[PDB]
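So the structure is just underneath, and the comments pick up after that.
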Amino acid sequence: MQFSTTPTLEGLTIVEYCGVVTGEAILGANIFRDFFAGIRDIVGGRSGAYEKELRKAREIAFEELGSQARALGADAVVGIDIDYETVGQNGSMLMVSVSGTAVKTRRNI
Amino acid sequence: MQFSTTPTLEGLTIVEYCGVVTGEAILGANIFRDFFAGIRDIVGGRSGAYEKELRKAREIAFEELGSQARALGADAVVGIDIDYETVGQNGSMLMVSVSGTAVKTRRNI
Amino acid sequence: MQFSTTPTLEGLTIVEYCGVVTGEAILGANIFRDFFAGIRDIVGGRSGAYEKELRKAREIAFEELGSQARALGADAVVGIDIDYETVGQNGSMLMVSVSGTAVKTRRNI
Amino acid sequence: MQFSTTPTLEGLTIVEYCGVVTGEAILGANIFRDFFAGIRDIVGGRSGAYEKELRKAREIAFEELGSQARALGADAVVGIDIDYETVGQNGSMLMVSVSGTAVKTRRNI
Amino acid sequence: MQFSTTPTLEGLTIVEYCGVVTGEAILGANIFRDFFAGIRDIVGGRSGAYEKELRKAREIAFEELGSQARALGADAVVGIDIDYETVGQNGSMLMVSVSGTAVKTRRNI
C-alpha cells in the first residue's frame with residue numbers, strides 16, 4: 001500500500017479506480033499556544049517544538065486516508081493532496097486534510 | 001459515477017470533455033461552535049465529534065458535483081480538487097468546495 | 001472554447017501553448033451579509049441561496065479567463081485551478097480566482 | 001520564455017529539469033483600502049479596477065519567476081501554480097505566489 | 001538532488017515510489033512586523049526586503065524535504081506542492097509547507 005502525489009505509478013497499471021478518499025486531523029488551540037505562538041525568526045522542522053505536532057497531525061490524517069482505502073480493497077492512493085487550513089476565532093486552530101484517489105494496481109511484469 | 005483526482009482513467013479513454021463542474025457545502029457557525037471549537041490536543045477523524053460534520057459536508061458537495069456532471073451527460077468527474085475555506089467575521093464558518101472536469105468515457109475493450 | 005482541470009485533452013493535440021491566463025470575481029460584504037452570514041447547520045449548494053451568488057462569481061471569472069484566452073488566439077484553457085479566498089477586515093469578502101493555460105488545439109481526426 | 005500550469009509541453013521534449021522556481025508580490029493595505037474594500041455585489045476582473053492591481057501583482061511575480069529560470073539556463077517553467085494568500089492584522093494585504101519547475105526544452109521538429 | 005512540481009521526469013523512468021515527504025518552516029510574528037507589515041503599494045520579490053525572508057523559509061523547508069527523501073533511499077522528489085498559510089492570532093505568522101513524493105529514478109540512456 002503506497003501513497004503518491006502523482007496521478008499514476010510508473011511500472012504499474014491501475015486496474016480499478018475506487019473513488020476519492022480523505023483523512024484529517026485538527027490541532028487544538030492549546031497546541032498552537034504551547035508550540036507555535038512563541039516562534040521567533042524563521043524556524044524549520046529540524047529545530048522547532050512545533051514539528052512533532054504537525055507530524056502527528058499528518059501521521060493521523062494519513063492513517064485515516066489509508067484505512068479508508070483499505071476498506072475499499074484498494075492497494076494505493078494516488079493523486080494525493082495535503083492542505084493546511086487555519087480555523088476558529090483566534091486563527092489558532094489548524095486543520096491538516098489529506099485527499100487522494102483509492103486504486104487497485106497491477107505490476108506491468 | 002466515477003470521481004478521480006487523476007486527470008485520466010487508465011483502462012478508459014475520454015471521448016468528450018463536458019466542462020468544469022463544482023459542488024460545495026457550508027457548515028454554519030452553530031456547527032463550528034458545537035463540534036469544532038472545544039477541540040483539545042490533536043484529534044483525528046476516528047476519535048473526534050467534528051468528523052461526522054466534515055463528512056456530511058463532503059458527501060453533500062460530491063452529490064452536487066455528481067448531479068452537475070450527470071445533468072451534462074457525463075459519466076465521470078476527473079481532475080478533482082477539494083478545498084476547505086474558513087469564512088465570516090469569526091472564522092467560524094467552514095466552506096467545503098469541490099471541482100473537477102465532467103467527462104464521457106469509453107472502455108478500451 | 002473548452003475548459004478543463006486536466007493538463008491535456010484526449011482525442012486532441014495541443015499545437016501551441018499561449019501562456020497562463022486568469023479570471024476573478026469578488027463578492028462584496030453586502031452579498032456575504034445577505035446570503036452567507038448566519039447560515040445554519042450544513043447547507044449544500046443545491047438548496048442554498050448563497051450558491052446562486054457563487055455560481056454568478058464563477059461564471060464571471062470564467063468569462064474573463066475565456067476572454068484572455070481568446071485574445072491570445074487560443075481555443076481552450078487546460079490545467080485549470082479554481083480557489084476561494086476570504087479577504088478583508090471582517091472575513092466577509094470572497095474572491096474567486098481561476099487560472100489555467102491558454103492553448104491552441106488540433107483534433108486528432 | 002514559456003509558462004505553463006501543465007507538467008509537459010506537447011510538441012516539445014524536456015531535456016533537463018533545473019529545479020523549482022518561485023516569484024511573488026505583495027499588495028499593501030493602502031491598495032486594498034483603495035481598490036478592494038469598497039466592493040459591493042459581484043465585480044469581475046474585466047470591469048473591476050482592483051484587477052489592474054492584481055494583474056500588476058501577477059506580472060511582477062511572473063517576472064521574478066522567469067528571471068530565476070533565466071539564470072538557471074532554462075527556457076520554460078512548467079507545472080506552474082498560482083496562489084493568493086491574505087496576510088496581516090486586518091486581512092488587508094494580499095500575497096500572490098507563483099511556483100513551477102524551470103526546464104530546458106527541445107522542439108520535436 | 002532533483003525537485004520537481006511535475007509528476008514524471010521526461011528522459012528518466014521512476015523505478016520506485018518511496019512515499020510522500022514534507023518540509024516546512026514558520027516565519028514568526030517579529031519577521032512579519034519587521035518586513036511585511038509596512039509594505040505600501042505593490043512590492044515584488046525582486047525588490048522587497050521580505051523576499052530574503054521567504055527565500056530563507058523556502059530553503060529550510062526544501063532541505064527538510066531533501067533529507068527526508070535521502071533517508072528513504074530516494075534520489076528525487078516529484079509532484080511537489082508549495083503552500084503558504086497565514087497562522088495565528090494576528091494573521092502575522094506565515095507557514096511555508098512543501099510536500100512531494102520521494103522516488104528512485106533510472107536514466108533512459
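Residue names in the C-alpha cells use chain letters A, B, ... in the order shown, residue numbers from 1 in each chain, and ligand numbers from 1 in the order shown.
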
Chain A contacts to chain B at 6 Å (only C-alpha atoms) as a ChimeraX atom specification
/A:7,19,24-28,31,60,79,88-89,101

Keeping only C-alpha atoms, take the residues you just selected and write them out as a CSV table (one decimal), in the first residue's frame.
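Contents of result.csv, as written:
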chain,number,residue,atom,x,y,z
A,7,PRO,CA,-1.7,10.5,-10.6
A,19,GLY,CA,-13.1,6.7,-5.5
A,24,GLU,CA,-7.7,14.7,8.5
A,25,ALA,CA,-6.7,15.9,12.0
A,26,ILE,CA,-7.2,19.2,13.8
A,27,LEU,CA,-4.6,20.7,16.1
A,28,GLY,CA,-6.4,22.4,19.0
A,31,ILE,CA,-1.3,23.0,20.9
A,60,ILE,CA,-3.1,10.6,11.8
A,79,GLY,CA,-3.2,12.0,-6.9
A,88,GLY,CA,-11.5,29.2,14.6
A,89,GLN,CA,-12.0,32.6,16.2
A,101,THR,CA,-7.9,8.5,-5.2

Assign secondary structure with DSSP using the backbone only, and return the residues of range 59-107 of chain D in helix (DSSP H, G or I) as an MDAnalysis selection string.
chainID D and resid 59:72

Contacts of residue 66 in chain A within 9 Å, only C-alpha atoms, excl. fewer than 5 positions in-chain, as a ChimeraX atom specification
/A:1-3,21-23,61,71,75-77,102

Using DSSP secondary structure from the backbone, list all strand (DSSP E or B) positions within chain D, as JSON, numbers by chain.
{"D": [2, 3, 12, 13, 14, 15, 16, 17, 18, 19, 20, 21, 22, 23, 24, 25, 26, 27, 42, 43, 44, 76, 77, 78, 79, 80, 81, 82, 83, 84, 85, 86, 87, 93, 94, 95, 96, 97, 98, 99, 100, 101, 102, 103, 104, 105, 106, 107]}

Write the selection just made, keeping N, CA and C atoms, as a CSV table (one decimal), in the first residue's frame?
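What landed in out38.csv:
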chain,number,residue,atom,x,y,z
D,2,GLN,N,8.5,30.3,-22.1
D,2,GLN,CA,7.2,29.7,-22.0
D,2,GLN,C,6.8,29.4,-20.5
D,3,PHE,N,5.5,29.7,-20.2
D,3,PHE,CA,5.0,29.5,-18.9
D,3,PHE,C,3.8,28.6,-19.0
D,12,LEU,N,7.0,19.4,-27.7
D,12,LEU,CA,8.4,19.5,-27.2
D,12,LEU,C,8.8,18.4,-26.3
D,13,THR,N,10.1,18.3,-26.0
D,13,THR,CA,10.6,17.3,-25.1
D,13,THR,C,11.5,18.1,-24.1
D,14,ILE,N,11.2,17.9,-22.8
D,14,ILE,CA,12.1,18.4,-21.7
D,14,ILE,C,13.4,17.6,-21.7
D,15,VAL,N,14.5,18.2,-21.8
D,15,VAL,CA,15.8,17.6,-21.9
D,15,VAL,C,16.6,17.8,-20.6
D,16,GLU,N,16.2,18.7,-19.8
D,16,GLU,CA,16.8,19.0,-18.5
D,16,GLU,C,15.8,19.6,-17.5
D,17,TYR,N,15.7,19.1,-16.3
D,17,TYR,CA,14.9,19.7,-15.2
D,17,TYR,C,15.9,20.5,-14.3
D,18,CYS,N,15.6,21.7,-14.1
D,18,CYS,CA,16.5,22.6,-13.5
D,18,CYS,C,16.1,23.1,-12.1
D,19,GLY,N,15.1,22.4,-11.5
D,19,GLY,CA,14.6,22.8,-10.2
D,19,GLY,C,13.4,23.7,-10.1
D,20,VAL,N,12.9,23.7,-8.8
D,20,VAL,CA,11.8,24.6,-8.5
D,20,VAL,C,12.1,26.1,-8.5
D,21,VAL,N,11.3,26.9,-9.2
D,21,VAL,CA,11.5,28.4,-9.2
D,21,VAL,C,10.2,29.0,-8.6
D,22,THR,N,10.4,30.2,-8.0
D,22,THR,CA,9.2,31.0,-7.5
D,22,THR,C,9.3,32.5,-7.8
D,23,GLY,N,8.1,33.1,-7.7
D,23,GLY,CA,8.1,34.6,-7.8
D,23,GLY,C,6.9,35.0,-6.9
D,24,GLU,N,6.9,36.2,-6.5
D,24,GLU,CA,5.8,36.7,-5.7
D,24,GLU,C,5.8,38.3,-5.6
D,25,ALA,N,4.7,38.8,-5.2
D,25,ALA,CA,4.4,40.2,-5.0
D,25,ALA,C,3.4,40.3,-3.9
D,26,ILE,N,3.5,41.3,-3.1
D,26,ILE,CA,2.6,41.6,-2.1
D,26,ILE,C,1.9,43.0,-2.4
D,27,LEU,N,0.6,43.0,-2.2
D,27,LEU,CA,-0.2,44.2,-2.4
D,27,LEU,C,-0.5,44.7,-1.0
D,42,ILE,N,-21.1,41.8,-6.9
D,42,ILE,CA,-20.1,40.9,-7.5
D,42,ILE,C,-19.5,41.6,-8.7
D,43,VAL,N,-18.2,41.9,-8.5
D,43,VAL,CA,-17.4,42.6,-9.5
D,43,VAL,C,-16.3,41.7,-10.1
D,44,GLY,N,-16.4,41.5,-11.4
D,44,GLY,CA,-15.4,40.7,-12.1
D,44,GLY,C,-14.2,41.5,-12.5
D,76,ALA,N,11.8,27.3,-20.2
D,76,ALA,CA,10.4,27.3,-19.8
D,76,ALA,C,10.2,27.0,-18.3
D,77,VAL,N,9.1,27.3,-17.8
D,77,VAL,CA,8.6,27.0,-16.4
D,77,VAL,C,7.3,26.3,-16.6
D,78,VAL,N,7.4,25.0,-16.2
D,78,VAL,CA,6.2,24.1,-16.3
D,78,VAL,C,5.6,23.7,-14.9
D,79,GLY,N,4.5,23.1,-14.9
D,79,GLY,CA,3.8,22.7,-13.7
D,79,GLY,C,3.6,23.9,-12.8
D,80,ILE,N,3.1,25.0,-13.3
D,80,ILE,CA,3.0,26.2,-12.5
D,80,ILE,C,1.8,26.3,-11.7
D,81,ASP,N,2.0,26.8,-10.5
D,81,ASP,CA,0.9,27.1,-9.6
D,81,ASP,C,0.8,28.5,-9.2
D,82,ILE,N,-0.4,29.1,-9.2
D,82,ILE,CA,-0.6,30.5,-8.7
D,82,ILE,C,-1.4,30.5,-7.5
D,83,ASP,N,-0.9,31.2,-6.4
D,83,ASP,CA,-1.7,31.2,-5.2
D,83,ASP,C,-1.9,32.6,-4.6
D,84,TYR,N,-3.0,32.8,-3.9
D,84,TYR,CA,-3.3,34.1,-3.2
D,84,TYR,C,-3.5,33.8,-1.8
D,85,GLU,N,-2.8,34.5,-0.9
D,85,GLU,CA,-3.0,34.4,0.5
D,85,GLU,C,-3.2,35.8,1.0
D,86,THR,N,-4.2,36.0,1.8
D,86,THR,CA,-4.4,37.2,2.6
D,86,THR,C,-3.6,37.1,3.8
D,87,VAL,N,-2.8,38.2,4.1
D,87,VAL,CA,-2.0,38.3,5.3
D,87,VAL,C,-2.1,39.6,6.1
D,93,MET,N,-3.9,42.7,3.4
D,93,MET,CA,-2.8,42.5,2.5
D,93,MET,C,-2.9,41.3,1.7
D,94,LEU,N,-2.5,41.3,0.4
D,94,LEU,CA,-2.7,40.2,-0.4
D,94,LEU,C,-1.4,39.7,-1.0
D,95,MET,N,-1.0,38.5,-0.8
D,95,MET,CA,0.2,38.0,-1.4
D,95,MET,C,-0.1,37.0,-2.6
D,96,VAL,N,0.5,37.3,-3.7
D,96,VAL,CA,0.4,36.5,-4.9
D,96,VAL,C,1.7,35.7,-5.1
D,97,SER,N,1.6,34.4,-5.0
D,97,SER,CA,2.8,33.5,-5.1
D,97,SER,C,2.7,32.6,-6.3
D,98,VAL,N,3.8,32.5,-7.0
D,98,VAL,CA,3.8,31.6,-8.2
D,98,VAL,C,5.0,30.7,-8.0
D,99,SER,N,4.8,29.4,-8.4
D,99,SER,CA,5.8,28.4,-8.4
D,99,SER,C,5.7,27.5,-9.6
D,100,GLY,N,6.8,26.9,-10.0
D,100,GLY,CA,6.9,26.0,-11.1
D,100,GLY,C,8.2,25.3,-11.2
D,101,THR,N,8.5,24.6,-12.2
D,101,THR,CA,9.7,23.9,-12.4
D,101,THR,C,10.4,24.4,-13.7
D,102,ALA,N,11.6,25.0,-13.5
D,102,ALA,CA,12.4,25.5,-14.6
D,102,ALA,C,13.0,24.3,-15.4
D,103,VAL,N,12.9,24.4,-16.7
D,103,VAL,CA,13.3,23.3,-17.6
D,103,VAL,C,13.9,23.9,-19.0
D,104,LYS,N,14.8,23.1,-19.5
D,104,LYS,CA,15.3,23.2,-20.9
D,104,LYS,C,14.4,22.3,-21.8
D,105,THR,N,14.0,22.8,-23.0
D,105,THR,CA,13.2,22.0,-23.9
D,105,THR,C,13.8,21.9,-25.3
D,106,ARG,N,13.4,20.9,-26.0
D,106,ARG,CA,13.8,20.6,-27.4
D,106,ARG,C,12.6,20.4,-28.2
D,107,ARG,N,12.5,21.2,-29.3
D,107,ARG,CA,11.4,21.0,-30.2
D,107,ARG,C,11.5,19.7,-30.9

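Put simply, CA of residue 68 in chain C is 14.4 Å away from CA of residue 59 in chain D.
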